[PDB]
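Counting with the UniProt record's numbering, you get residues 24 to 187, 214 to 310 for the letters of the sequence shown. For each residue, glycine too, the CB sits at the ideal point set by N, CA and C.
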Amino acid sequence: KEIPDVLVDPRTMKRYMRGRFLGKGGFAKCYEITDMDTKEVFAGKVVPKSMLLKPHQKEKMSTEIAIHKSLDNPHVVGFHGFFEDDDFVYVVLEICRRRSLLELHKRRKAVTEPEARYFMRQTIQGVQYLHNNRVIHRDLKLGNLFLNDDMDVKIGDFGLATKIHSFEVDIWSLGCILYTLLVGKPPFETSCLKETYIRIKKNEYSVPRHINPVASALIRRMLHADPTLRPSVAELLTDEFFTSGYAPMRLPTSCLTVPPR
Ligand SMILES: COc1cc(C(=O)NC2CCN(C)CC2)ccc1Nc1cc2c(cn1)c(C)nn2-c1cc(Cl)cc(CCC(N)=O)c1
Numbered sequence: 024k025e026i027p028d029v030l031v032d033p034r035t036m037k038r039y040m041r042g043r044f045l046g047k048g049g050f051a052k053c054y055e056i057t058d059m060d061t062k063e064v065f066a067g068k069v070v071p072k073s074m075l076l077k078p079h080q081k082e083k084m085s086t087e088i089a090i091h092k093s094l095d096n097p098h099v100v101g102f103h104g105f106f107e108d109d110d111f112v113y114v115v116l117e118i119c120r121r122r123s124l125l126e127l128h129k130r131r132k133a134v135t136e137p138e139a140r141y142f143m144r145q146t147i148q149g150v151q152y153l154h155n156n157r158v159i160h161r162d163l164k165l166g167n168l169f170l171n172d173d174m175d176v177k178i179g180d181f182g183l184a185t186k187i214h215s216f217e218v219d220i221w222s223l224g225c226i227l228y229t230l231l232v233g234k235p236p237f238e239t240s241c242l243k244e245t246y247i248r249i250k251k252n253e254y255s256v257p258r259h260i261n262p263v264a265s266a267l268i269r270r271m272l273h274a275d276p277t278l279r280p281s282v283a284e285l286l287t288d289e290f291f292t293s294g295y296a297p298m299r300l301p302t303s304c305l306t307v308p309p310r
């Protein structure tokens, strides 16, 4: 069924012009949507009610919206109102024109140490906000760390997020990200899906000899078997890793394809 070329709502009564396709995400599709009056551009999640015919799944999205709506931080994807018609459910969000930290990883492999410091810092700060406000993200990944024209990390995607395992699962995801950034391959990545689950359970990984000792230290603790021995969000920024070597305040857009000089 056709998705309308213009998008209007009974609430705000603003008109959104359906522009260019941006990508898929399960049952969700994203389009660059423009406000027809202000000319302000947004990322519009469009989910059909045909995928939301079930009362069970319909909760997941109304839980996610409720949590995203309450958020306002310079490191979390800006929530900007949701609505629905008979056919589709629409979510209006902050536009991040530089795709995600996944695309960066795939194109760069192992980033330089000062880059990962920067990306981690900005990411961790948003995770602090979340954690301060009783929110656990539960699904932090590179695909979820969105990048804008200023190379600013903005955490999105709360499909599996909850409000109050506890907070220290988010600290684990962050360990993975830091690993994948510094090393260039995910720490538990394998071809077989079931194998991956075993690796996690048994805690099977090894940080290569080539990685900085201080860096491999922070990684190991963020990945520690005992969740209660993982560092708290606040304890991360203060770590030697962020405070030892160079930590740039801004990154060029060139970092998307080539290392900075
Ligand atoms: C304007 O900046 C963007 C560009 C693109 C893009 O160029 N995608 C290419 C288009 C061509 N096809 C062949 C491959 C992906 C994609 C997303 C952009 N921005 C952009 C995307 C955004 C957001 C903000 N801003 C938010 C918030 N959530 N999402 C979001 C949401 C979903 Cl459901 C899926 C994806 C996915 C993946 C993908 N294919 O890259 C992203």
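Query, Result
"Near ligand 1: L163 beta-carbon under 7 Å from a heavy atom", "no"
"Beta-carbon proximity of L305 to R130, cut-off 8 Å", "yes"
"Limits of the alpha helix (DSSP H) - the one that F142 falls within", "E136 to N155"
"One or two residues paired with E117 in a DSSP bridge", "For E117, which the question treats as bridged, DSSP gives no partner whatsoever."
"Residue closest to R157, alpha-carbon to alpha-carbon, out of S93, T292, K164 and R310", "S93"
"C119 vs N171 beta-carbon contact at 8 Å", "yes"
"Contact under 8 Å by Cβ, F50 with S123", "no"
"Between the CA atoms of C225 and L231 - distance to the nearest angstrom", "10 Å"
"Validate contact between the stretch 110 to 117 and the stretch 60 to 76 using beta carbons, cut 8 Å, 3 pairs", "yes"
"Residues of its chain near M74, where Cβ-Cβ distance is below 6 Å and the 5 sequence neighbours each way are ignored", "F50"
"Near ligand 1: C241 beta-carbon under 7 Å from a heavy atom", "no"
"Strand pairing of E55, partner residues [DSSP]", "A66"
"Beta-carbon proximity check, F111 vs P78, cutoff 8 Å", "no"
"Span of the beta strand (DSSP E), counted from its first residue to its last, around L168", "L168 to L170"
"Cα-Cα separation, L153 to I187", "11 Å"
"heavy atom of ligand 1 below 7 Å from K47 C-beta", "yes"
"Pairwise C-alpha distance: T245 and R258", "22 Å"
"Bounding residues of the beta strand (DSSP E) (the contiguous stretch that carries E289)", "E289 -> not in any beta strand (DSSP E); alpha helix (DSSP H) instead, spanning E289 to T292."
"Exposure label - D180; buried when at least 16 CB within 10 Å", "buried"
"Option in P308, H91, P97 and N96 with minimal Cα separation from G104", "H91"
"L76 burial status per 10 Å Cβ neighbour count (16 or more: buried)", "exposed"
"Proximal residues to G182 (C-beta, below 6 Å), its chain only, five neighbours per side dropped", "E87"
"Bounding residues of the beta strand (DSSP E) (the contiguous stretch that carries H103)", "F102 to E107"
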